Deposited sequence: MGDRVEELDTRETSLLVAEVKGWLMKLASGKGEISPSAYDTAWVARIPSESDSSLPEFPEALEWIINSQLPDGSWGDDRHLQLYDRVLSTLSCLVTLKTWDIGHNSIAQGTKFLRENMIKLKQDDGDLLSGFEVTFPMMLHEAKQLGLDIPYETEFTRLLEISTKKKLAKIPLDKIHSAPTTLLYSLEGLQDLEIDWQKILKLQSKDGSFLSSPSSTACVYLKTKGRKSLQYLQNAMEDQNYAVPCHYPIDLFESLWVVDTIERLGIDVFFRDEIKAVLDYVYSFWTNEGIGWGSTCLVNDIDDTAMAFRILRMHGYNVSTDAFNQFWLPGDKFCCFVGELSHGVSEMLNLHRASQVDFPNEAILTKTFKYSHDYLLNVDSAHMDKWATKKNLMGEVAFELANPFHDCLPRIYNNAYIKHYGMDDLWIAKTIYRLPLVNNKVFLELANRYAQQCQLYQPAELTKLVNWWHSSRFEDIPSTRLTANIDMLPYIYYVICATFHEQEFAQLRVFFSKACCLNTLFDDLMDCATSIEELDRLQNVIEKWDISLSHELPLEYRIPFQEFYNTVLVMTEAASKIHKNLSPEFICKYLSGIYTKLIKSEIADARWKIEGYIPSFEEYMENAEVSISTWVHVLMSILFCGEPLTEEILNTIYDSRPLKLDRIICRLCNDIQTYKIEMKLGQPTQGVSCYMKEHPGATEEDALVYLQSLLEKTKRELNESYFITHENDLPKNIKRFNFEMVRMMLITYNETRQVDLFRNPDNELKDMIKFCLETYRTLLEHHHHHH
């Protein structure tokens, strides 16, 4: 337990943070290096006085107890040495803070000799920023070491890299050197020309210190004003980049959604996404509302989250980052990029709509990159708690093959409540990384488990009293409960979770029985009539599931009639028996085609195989309990709606692709791969599967579009949601990477088996 307060207190606090973010106000730790840089500036009124005296007081009051400045909780020598240097140079320049200078130089005298290679993350621009700062300290005659094997090797290397940069490319187009111009002060820079590469707020890649250098080289008005306002907005201790209102708000929401605590924050999240959307363009976005360029990380992040929330955003935003070879950059003209942006690119590419081929290219490229990372070495200094864990999860879990609580429970183990971030120096994003998010995540995760014992206990009791043991393994039940718990986790969906579980069990039994039967006609006879009276003519193995199927329908009909007062019990019960008879007989059909010698068309086989796929019946039943109002027109048209068509197609294709070898290791002809082959001579099975795999991927894009966008005359929200999750519960069942892994599910299996034993012993205990 990480926080003591009531949930209501935590939730109110985060709501405050989110509404501040929805007005562009966030929280980034100050940068001692940047605060000291900007405080070099003298007032224009009186050049003998500082423009930012409060920043000089902050420097003096923020020195750490060992004489250094920098990140308090994670000591990194690069961060401490660079930050302390800057602070010393500025206190000395203004001839103040004699004691602080004394502590600072002493710290540097004990630790400069400790600087080495591969001792932490290269801070951004470190190669120029540290030698420059060191040289400025010497010009001031500070009493610190001025040469080590490390510092002279660094200066030699940097001088060679700088001597190879043609300087006019720095003034010609945006480069990452704009972030660290203070590291270039002594270079041959046409500072006047550099002014044309400022951001719309007068900053240079949003770096206060780099902006500060330009202002002292040029006295440009907009750059002073950017600093004056950043100083006043941040209370006179500025971060190393400002503002990052787009980056910070999207990462905070993303964190909230990946932890699965967005259930508490729906309105506030929408407010933040409206703020972000007011800055969305057809060329994406950068980290902030005044930044110079767009980047692929922010653009992928915003595209994915906005689209998932029903906003209209275009994949044209990704064209600017295309490179020959169907590769991508993070900023145009970059020389390399990192893993966070490919992770987010990879995630974004899977919410593609039809005819958005650029996202197939960004998917292939990011997937390929992510497959090739050096995992032994990725984030080896653990700025994040488990970045390589997030990569591995993302590679292994396709968006449509993953369920919400499965993703959330995995991220909860990855989430670092005290992660740090690397830029000019080390910084913190306490709104992204904090113990409050993780405590709320753990509490909601425990809420999702609370109802499971009782729900599982009723399911096992229903299994026993239905006499399924008298024909039949019960292991099927914890698994079915597991996936519906992961998709409809909110406690209010209990009737949905229980009825869905019963329905899936009943059909799994019937389908299994029929796939090993011919007097299916003796059965279709009874089922056609749906008459519990003619149950007695069934051969017992069909009698047990039939009578429980008939009973569960009545039970479902009573619960639904209590819920839906406008629907008559008779309408509901004709509907439920109708859908289950249609499914069952279609399952007899798929059976008698598998016994006789019939490989049909592809159109004909899949006309019956799409109804046979059983998936739509759980949609049609479950919507009775999904919390949405219903009408007869809805229940009469739902089977033919576009999202239900797509459901049936995707699940049939998936089944026929993923089981194909499991089918011919064993010689079975009636399947989509064969039926395709009987219609395209010269297609190998390799080409049939390729075609079916392509049709599957195309249908998934149609399902994305039908789902994330709210159309005119669209199905109610929770209904579209169930249909969406029904496809996913199907697909993950065939994601064989995940299946052999699968934890919670073993506990569910054990709980069910213990509950069964007690039932079978009639609670008499045996040794």
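Gaps between the deposited sequence and the modelled structure occur at positions 1-6, 478-483, 530-532, 758-762.
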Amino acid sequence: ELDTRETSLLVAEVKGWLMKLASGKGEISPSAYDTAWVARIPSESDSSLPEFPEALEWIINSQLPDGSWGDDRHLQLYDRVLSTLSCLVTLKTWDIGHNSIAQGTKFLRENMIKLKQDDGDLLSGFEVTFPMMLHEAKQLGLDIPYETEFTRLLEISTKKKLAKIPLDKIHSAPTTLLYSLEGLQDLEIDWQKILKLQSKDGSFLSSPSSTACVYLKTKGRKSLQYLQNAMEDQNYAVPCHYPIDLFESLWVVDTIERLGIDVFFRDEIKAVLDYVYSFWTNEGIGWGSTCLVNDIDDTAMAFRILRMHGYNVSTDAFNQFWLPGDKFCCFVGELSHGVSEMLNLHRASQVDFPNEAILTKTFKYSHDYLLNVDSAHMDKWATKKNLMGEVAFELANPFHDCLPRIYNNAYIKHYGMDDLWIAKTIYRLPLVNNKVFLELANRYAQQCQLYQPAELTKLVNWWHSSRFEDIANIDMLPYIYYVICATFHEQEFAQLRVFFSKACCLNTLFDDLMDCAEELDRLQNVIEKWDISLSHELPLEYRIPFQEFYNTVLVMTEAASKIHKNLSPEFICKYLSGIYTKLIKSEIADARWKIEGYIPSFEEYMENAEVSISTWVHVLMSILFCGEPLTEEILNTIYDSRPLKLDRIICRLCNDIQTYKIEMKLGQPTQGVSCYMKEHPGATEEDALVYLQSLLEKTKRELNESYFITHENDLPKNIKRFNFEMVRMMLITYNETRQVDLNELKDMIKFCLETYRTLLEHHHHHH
From here on, numbers count along this sequence of modelled residues.
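Look at the mean CA B-factor for 593-601 and for 190-198 in the entry; the higher one is 593-601. With 181-189 and 483-491 compared on mean CA B-factor from the PDB entry, the stretch scoring higher is 181-189. The PDB entry gives the largest Cα B-factor of the residues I588, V553, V498, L224 to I588. For the set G125, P643, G389, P681, the maximum C-alpha B-factor listed in the entry falls on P681. Ranked within its chain, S48 lands in the highest third, by CA B factor from the PDB record. When the modelled residues of the chain are ordered by their C-alpha B factor, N409 lands in the lowest third.
Among the modelled residues of its chain, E257 has a C-alpha B-factor that falls in the lowest third, as given in the PDB entry. When the modelled residues of the chain are ordered by C-alpha B-factor, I41 sits in the middle third. The entry lists a Cα temperature factor for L692 that places it in the highest third of the chain's modelled residues.
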